[PDB]
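See below for the structure under consideration.
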Amino acid sequence: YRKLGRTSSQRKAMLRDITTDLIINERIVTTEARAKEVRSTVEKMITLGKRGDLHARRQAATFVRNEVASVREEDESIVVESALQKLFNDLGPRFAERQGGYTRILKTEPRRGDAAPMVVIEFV
Amino acid sequence: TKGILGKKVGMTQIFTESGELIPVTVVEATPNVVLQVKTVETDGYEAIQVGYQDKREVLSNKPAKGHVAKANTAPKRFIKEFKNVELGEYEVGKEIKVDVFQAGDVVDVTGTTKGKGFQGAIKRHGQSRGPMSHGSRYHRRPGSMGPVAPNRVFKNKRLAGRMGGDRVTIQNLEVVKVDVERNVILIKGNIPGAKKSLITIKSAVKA
Amino acid sequence: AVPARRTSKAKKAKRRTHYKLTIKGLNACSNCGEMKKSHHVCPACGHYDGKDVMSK
Amino acid sequence: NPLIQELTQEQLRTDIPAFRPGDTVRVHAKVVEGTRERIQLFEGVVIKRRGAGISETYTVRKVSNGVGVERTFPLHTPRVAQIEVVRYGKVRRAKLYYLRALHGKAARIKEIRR
Amino acid sequence: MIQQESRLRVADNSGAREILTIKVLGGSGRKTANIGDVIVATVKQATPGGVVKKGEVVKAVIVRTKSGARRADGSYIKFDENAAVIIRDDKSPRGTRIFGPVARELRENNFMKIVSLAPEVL
RNA sequence: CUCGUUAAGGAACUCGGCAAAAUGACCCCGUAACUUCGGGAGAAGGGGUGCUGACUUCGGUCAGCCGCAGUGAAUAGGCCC
RNA sequence: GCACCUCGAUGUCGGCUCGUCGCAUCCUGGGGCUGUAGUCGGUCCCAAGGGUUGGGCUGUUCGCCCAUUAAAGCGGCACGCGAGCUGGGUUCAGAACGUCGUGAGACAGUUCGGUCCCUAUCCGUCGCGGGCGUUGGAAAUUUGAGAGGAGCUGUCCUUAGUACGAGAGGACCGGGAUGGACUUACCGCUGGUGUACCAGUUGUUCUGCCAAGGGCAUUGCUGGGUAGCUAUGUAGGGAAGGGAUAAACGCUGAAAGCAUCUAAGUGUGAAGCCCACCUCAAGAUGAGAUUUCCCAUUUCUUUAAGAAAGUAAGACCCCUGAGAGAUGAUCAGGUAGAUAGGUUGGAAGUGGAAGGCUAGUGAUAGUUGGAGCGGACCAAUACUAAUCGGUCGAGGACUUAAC
Ligand SMILES: [Zn+2]
């Protein structure tokens, strides 16, 4: 399952960060190994967001990052959505009637300082 | 004489009539087809060409279909030759099924061992280590390369390199059971190879 | 261990015959014609598989 | 898996009572002393059970004459005739390996109805 | 498995308590002994009084090991101890009492005088 | 190379137990030969330790509860002739 | 013994790791003689296939001892092997004892301590690819010139308490069972491990608080454990045979009316030799064989085994991968699709979730409910990604003969 140049707790930190991005942004540029490991992790989060209940919420909250916002919203207030609240109010209901496969990867180009092959991973 | 081709499924257990526990290996062999008959007038020796395991048809090419056409079958994945079998008694089109063997029937079994990669002299050849303490700097190494006088190393000095992947046969195994409607043979013991790998079973040479 | 003899020009160049570069599968885009790497997005126009991808 | 289960299905026993590690059990083994057939009994606490299929086994601990004894059996042998559950125990795990370093009263398991 | 310089308790009434193994008779480079195998040993601890005194070279047969034995029907047995019985060169105990329980393999190896005196024979 | 675990045995290793493993905190009980009478002495060898309630003379003791394990992590004498 | 060789450097012994060769043979195989009754032996001949053990004491070879074994062979290889290990010993600087010397110091006398560097160019050894050749282009199946591995041996039961012998004692030749060491595979069982699996628990800090969780403390520590890799675990093996021989023993037979294994003729005979068993092999430039597939444009140097262009059969680049793997190679697939991810059920494994309820002053317990969770394992399912494409690749010489 792809060690990614890191120890066991740094791999977990890095994945927890890259999947909370893409929940907040829905489209991201990364290398090609990270993108595959992340497709697996993010879709595991979406099938908990579709389950809906309290037990599923507390299961996801062990993996989604906390003090991050994702706001395009104002009726009249400063009303913030929490990137776990988005998972449960927005992204689950979106993919209600689709079975697995909520993402897709495209290949672009090697990075200048590296020759690392880069990639875009998006949702629909 | 008797001999069939099949694939490896796995290992299990079984109790006998008296009530002993016995380890076993399941081999699955759907019917084999005779594709060609080699004789002394044409080829210079006597043998039989057998095919096993039907193949989808985008995956073969035109020379293979022409070779399989005279026998009225689908293209096959595995084609071997079986020697020392009184020819007669055989003709292109025939099917060899597992009821060629019966319980008893001491048999030989061949396959290709699992692959393991680049391995050192200790795992590859059973060589022993050097000491782990007492000032030592000689743990996991292949030994001295020879004496001084010939100004070179002799052949068959054994070293590191790629391990596994060779063919191996094991002699004098027993057929514990034969099941015809499922195309299955049960053999007592363990066989070489991985799962889904080709296995050949012949009656035994030492009788 | 140290080289006991220097190596000549012919032997250096005979070593260096498997030391080159390759330029593997390059095709023409279906949308804009220019050359591009297969199974990749086209860098000239941002089209992959007959649709627009690097746009919003 | 399903080709192997089908071949081995017709050899699984159907008269096997339910028990957990922690319960006490009487096994009705079969011994052969020359030509004679005879039945022993082996009474103890089930401490292990490791499973999936015909390959299932369990083990029983006993203390005979001041020395501890363990005996492992396959679940489906015909060379056993009876497994009887005598008591039920209250336990918190699956492998009771900590019992093999205790004696007498420290090795006590509480009962429970079921 | 019991090898050179292993230590065994004595399940006998012979005057010995602990024993140290010297050889694993039978073969020419054999390593380990098992249940029903004969051994050459030193007495390391005796009892005050007793036919057998400490410092003696003597023979013994193994019953009752930790890494036990395996039977043809798929079942196993294991003990919590390693023990032996001192023997009189035609398989008779040099004592008169065996203590503790004994493995059933001593029948096949024909220590029939010992299978008569053991309390339990498993 | 630097780390973690290992069936059964337990110094059979080697010039040599080298290197590892083991002991390690606080409270209580106990503690030999010898001696320059100060020592030897942390000699050796053993026991207690979490949480809730009641009483607490005071320092603690009783009743109950949970786990394989209560100085539940990190840090801290091996000893004897 | 000598002083040819090496002083702008050729590092000593035992042990370790890895061996190889000779035979003057230690065991096992075959024989002749005996002051060979049998059981054990003595000695000589043929034989190098394989085998030839763990400790104690010394730096130690050497040696003595203990317990075994079929046996515990002797030599060469820089008294094999330090750009492979060790540095105990000898042979640096410190200090001490006996002893010699007026002294400084000294002793193949002794004692305690004491620095061993190297990133592999060439040949060689073990593995793995690319190029061309094998005379049209291709996909598969193969023969075997050569070569390598393997080669050990104990105990019991029966023949039979028989032959032999006063007795004590006790066989050959056959048949059967079961071991030790060594070795080829494999993970169903017994165990090991199992840093993206389950649970328990200490300290402190964060998610505003309670409840429920995250971070760090060797994976914080402790109890289990799937796949995969593994031995101490499980299965197998060195089986029976043929051919030509060694020492030895003949049959018939003369030279030499007899005798004589030999000269002419004709046999027997060993773990050894060539096969028999296992694996590699047509770069075996002596490049072998069989089955199947594919069949013609343009200018001329001149018509010639001429050049150049588009193609057939087929192949590759590129992408998803694992039963494969350092890379490359090998094998499974590329919508004529289950190749990998996800989803839906299951399994191993753990051991009773969260939220409520009930009984307790509380710690906690019972219940809803074999619950919840579940990397790698098993079925199904085109939901995402294997899109669109390009590149290479025949037109078949000449001589003689038979048809
Ligand atoms: Zn384009």
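Protein chains in written order, with the deposited numbering: chain O, 3 to 126; chain D, 2 to 208; chain 2, 2 to 57; chain Q, 2 to 115; chain L, 1 to 122. No residue lacks a Cβ here, since even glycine has one placed at the ideal position from N, Cα and C.
Check: If you measure from the beta carbon of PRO4 (chain 2) to each beta carbon in chain O, is any gap under 8 angstroms?
Finding: The residue given as residue 4 (chain 2) occupies position 3 in the third sequence. By this cut-off, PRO4 (chain 2) is not an interface position.
Next item on the list: Starting from the N-terminal side, write out each stretch of the alpha helix (DSSP H) that is 4 residues or longer and does not extend beyond the region 39 to 74 of chain D.
Entry: 63 to 70
Notebook entry, point to check: Does ligand 1 have even one heavy atom less than 7 angstroms from the beta-carbon of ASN32 (chain 2)?
Noted result: Here residue 32 (chain 2) refers to the residue found at position 31 of the third sequence. It does: the Cβ of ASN32 (chain 2) is within 7 angstroms (strictly closer) of some heavy atom of ligand 1.
Note to self: At a cut-off of 7 angstroms, would you count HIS41 (chain 2) as near ligand 1, judging by its Cβ distance to the nearest heavy atom?
What the structure shows: Residue 41 (chain 2) sits at position 40 when you count from the first residue of the third sequence. Answer for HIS41 (chain 2): no, Cβ out of range of ligand 1.
Notebook entry, point to check: So is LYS78 (chain L) in contact with chain Q if we call contact Cβ pairs under 8 angstroms?
Noted result: To locate residue 78 (chain L), count along the fifth sequence from 1; it is residue 78. At least one chain Q Cβ lies under 8 angstroms of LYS78 (chain L).
Item checked: Supposed contact pair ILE25 (chain O) and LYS109 (chain O) - C-beta distance, whole angstroms, cut 8 angstroms -> In the first sequence, the residue the question calls residue 109 (chain O) occupies position 107. In the first sequence, the residue the question calls residue 25 (chain O) occupies position 23. Incorrect: roughly 23 angstroms between the Cβ atoms, too far for contact.
Checklist line | Length at least 3, wholly inside the region 106 to 141 of chain D: the beta strand (DSSP E) runs in chain order | finding: 116 to 120
Next item on the list: Can you grab the Cα-Cα spacing for the pair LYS197 (chain D) / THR9 (chain Q), in whole Å?
Entry: For the purposes of this step, residue 197 (chain D) is taken as residue 196 along the second sequence, with counting starting at 1. For the purposes of this step, residue 9 (chain Q) is taken as residue 8 along the fourth sequence, with counting starting at 1. Going from the Cα of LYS197 (chain D) to the Cα of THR9 (chain Q) covers about 20 angstroms.
Next item on the list: Kindly say whether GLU39 (chain O), judged by its beta-carbon, lies nearer than 8 angstroms to any beta-carbon of chain 2.
Entry: Taking the first residue of the first sequence as 1, we reach residue 39 (chain O) at position 37. No, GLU39 (chain O) lies away from the interface with chain 2 (no Cβ there is under 8 angstroms from its Cβ).
Next item on the list: Tell me, to the nearest whole angstrom, how far the beta carbon of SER67 (chain L) is from that of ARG72 (chain Q); I am working on the premise that it is less than 8 angstroms.
Entry: The residue labelled residue 67 (chain L) in the question sits at position 67 within the fifth sequence. The residue labelled residue 72 (chain Q) in the question sits at position 71 within the fourth sequence. 15 angstroms between Cβ atoms; not a contact.
Margin query: Could you check if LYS37 (chain 2) belongs to the surroundings of ligand 1, using beta carbon to heavy atom distance under 7 angstroms?
Written below: Translated into the one-based positions of the third sequence, residue 37 (chain 2) becomes position 36. For ligand 1, at least one heavy atom lies less than 7 angstroms from the Cβ of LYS37 (chain 2).
Next item on the list: Tell me whether residue 168 (chain Q) sits in a helix, a strand or coil according to DSSP, three-state version.
Entry: What is shown of chain Q runs 2 to 115, which leaves residue 168 (chain Q) out entirely.
Notebook entry, point to check: If you draw a straight line from the alpha carbon of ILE23 (chain D) to that of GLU57 (chain Q), how long is it in whole angstroms?
Noted result: For the purposes of this step, residue 23 (chain D) is taken as residue 22 along the second sequence, with counting starting at 1. For the purposes of this step, residue 57 (chain Q) is taken as residue 56 along the fourth sequence, with counting starting at 1. Their backbone Cα atoms lie some 14 angstroms apart in a straight line.
Note to self: Helix, strand or coil, according to DSSP, for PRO48 (chain L) in the structure here?
What the structure shows: Translated into positions along the fifth sequence, residue 48 (chain L) becomes position 48. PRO48 (chain L): coil per DSSP, three-state reduction.
Check: So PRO112 (chain O) is in the beta strand (DSSP E); what residue range does that whole segment cover?
Finding: The residue labelled residue 112 (chain O) in the question sits at position 110 within the first sequence. Here the beta strand (DSSP E) through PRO112 (chain O) covers 106 to 112.
Notebook entry, point to check: Do you know whose CA, among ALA46 (chain L), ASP80 (chain L), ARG30 (chain L) and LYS54 (chain L), lies nearest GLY100 (chain L)'s CA?
Noted result: Sequence index remark: in the fifth sequence, residue 100 (chain L) carries index 100 (1-based). The candidate whose alpha carbon is nearest that of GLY100 (chain L) is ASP80 (chain L).
Notebook entry, point to check: ligand 1 heavy atoms versus the CB of residue 269 (chain D): any closer than 7 angstroms?
Noted result: Nothing in the structure corresponds to residue 269 (chain D), since chain D is present only between 2 and 208.
Next item on the list: Could you confirm whether any beta carbon from chain O is found closer than 8 angstroms to the beta carbon of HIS19 (chain 2)?
Entry: Within the third sequence, residue 19 (chain 2) is the residue found at index 18, counting from 1. No - not a single Cβ of chain O is within 8 angstroms of the one on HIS19 (chain 2).
Next item on the list: Using a Cβ cut-off of 7 angstroms, pull out every chain D residue sitting near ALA72 (chain L), in sequence order please.
Entry: Working through the fifth sequence from its first residue, we reach residue 72 (chain L) at position 72. Near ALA72 (chain L) (Cβ distances below 7 angstroms), the residues of chain D are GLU21.
Next item on the list: List the residues of chain Q whose Cβ lies closer than 8 angstroms to the Cβ of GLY112 (chain D), in chain order.
Entry: Position 111 of the second sequence, counted from the first residue, corresponds to residue 112 (chain D). Proximity of chain Q to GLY112 (chain D) at the Cβ level (cut-off 8 angstroms) is not reached, the minimal Cβ distance being about 19 angstroms.
Notebook entry, point to check: Do the region 137 to 154 of chain D and the region 109 to 126 of chain O make contact, defined as three or more Cβ pairs closer than 8 angstroms?
Noted result: no
Checklist line | Rounded straight-line distance, which links the Cα of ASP106 (chain D) to that of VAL93 (chain D) | finding: Here the question's residue 93 (chain D) lines up with position 92 in the second sequence. Here the question's residue 106 (chain D) lines up with position 105 in the second sequence. For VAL93 (chain D) and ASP106 (chain D), the distance between alpha carbons rounds to 26 angstroms.
Check: Which residues of chain 2 have a Cβ atom closer than 9 angstroms to the Cβ of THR22 (chain O), listed in chain order?
Finding: Here the question's residue 22 (chain O) lines up with position 20 in the first sequence. Within chain 2, no residue has its CB atom less than 9 angstroms from the CB of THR22 (chain O), the nearest being about 22 angstroms off.
Notebook entry, point to check: What does a CB cutoff of less than 8 angstroms around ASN32 (chain 2) pick up in its chain, not counting 5 residues either side in sequence?
Noted result: Walking along the third sequence from the start, residue 32 (chain 2) turns up at place 31. Around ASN32 (chain 2): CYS43, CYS46, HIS48 and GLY51.
Notebook entry, point to check: Looking at the structure shown, is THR15 (chain Q) part of a helix, part of a strand, or coil, going by DSSP?
Noted result: Taking the fourth sequence and counting its residues from 1, one reaches residue 15 (chain Q) at position 14. Three-state result, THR15 (chain Q): coil.
Check: Does the distance from the C-beta atom of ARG64 (chain L) to that of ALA103 (chain L) stay below 8 angstroms?
Finding: Start at 1 with the first residue of the fifth sequence, and residue 64 (chain L) comes out as number 64. Start at 1 with the first residue of the fifth sequence, and residue 103 (chain L) comes out as number 103. A contact, by the Cβ cut-off of 8 angstroms.
Margin query: My output table needs one value for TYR3 (chain O): the three-state DSSP class, helix, strand or coil.
Written below: Within the first sequence, numbered from 1, the residue matching residue 3 (chain O) stands at position 1. The DSSP-derived three-state label of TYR3 (chain O) is coil.
Margin query: Can you look up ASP12 (chain L) in the DSSP assignment and give me helix, strand or coil?
Written below: As a first step, residue 12 (chain L) is located in the fifth sequence; it is residue number 12 there, counting from the start. DSSP places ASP12 (chain L) in strand when its eight states are reduced to three.
Check: Is there contact between the region 116 to 123 of chain D and the region 83 to 91 of chain D, where contact requires at least three CB pairs shorter than 8 angstroms?
Finding: no
Next item on the list: Tell me whether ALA45 (chain 2) counts as near ligand 1, meaning its Cβ is closer than 7 angstroms to at least one heavy atom of that ligand.
Entry: Translated into the one-based positions of the third sequence, residue 45 (chain 2) becomes position 44. At least one heavy atom of ligand 1 is nearer than 7 angstroms to the Cβ of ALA45 (chain 2), so yes.
Notebook entry, point to check: By the criterion of Cβ-Cβ separation under 7 angstroms, what are the contact partners of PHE74 (chain Q) in chain L?
Noted result: In the fourth sequence, the residue the question calls residue 74 (chain Q) occupies position 73. The answer, in chain order, is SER75.
Margin query: Tell me the DSSP secondary structure of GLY69 (chain Q) in three-state form.
Written below: Here residue 69 (chain Q) refers to the residue found at position 68 when the fourth sequence is read from its first residue. Strand, per DSSP.
Margin query: Does the distance between the C-beta of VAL52 (chain L) and the nearest non-hydrogen atom of ligand 2 fall short of 7 angstroms?
Written below: You won't find ligand 2 in this model; what it holds is ligand 1.
Item checked: CA nearest to the CA of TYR89 (chain Q), picked from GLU38 (chain Q), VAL46 (chain Q) and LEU4 (chain Q) -> Mapped onto the fourth sequence, residue 89 (chain Q) falls at position 88. The shortest C-alpha separation from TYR89 (chain Q) is found at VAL46 (chain Q).
Next item on the list: May I ask you to report which of helix, strand or coil DSSP gives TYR98 (chain Q)?
Entry: Counted from its first residue, the fourth sequence places residue 98 (chain Q) at position 97. Helix, per DSSP.
Note to self: I'd like to know whether the C-beta atoms of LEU36 (chain D) and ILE5 (chain D) end up nearer to each other than 8 angstroms.
What the structure shows: Taking the first residue of the second sequence as position 1, residue 36 (chain D) is located at position 35. Taking the first residue of the second sequence as position 1, residue 5 (chain D) is located at position 4. Cβ atoms of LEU36 (chain D) and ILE5 (chain D): not closer than 8 angstroms.
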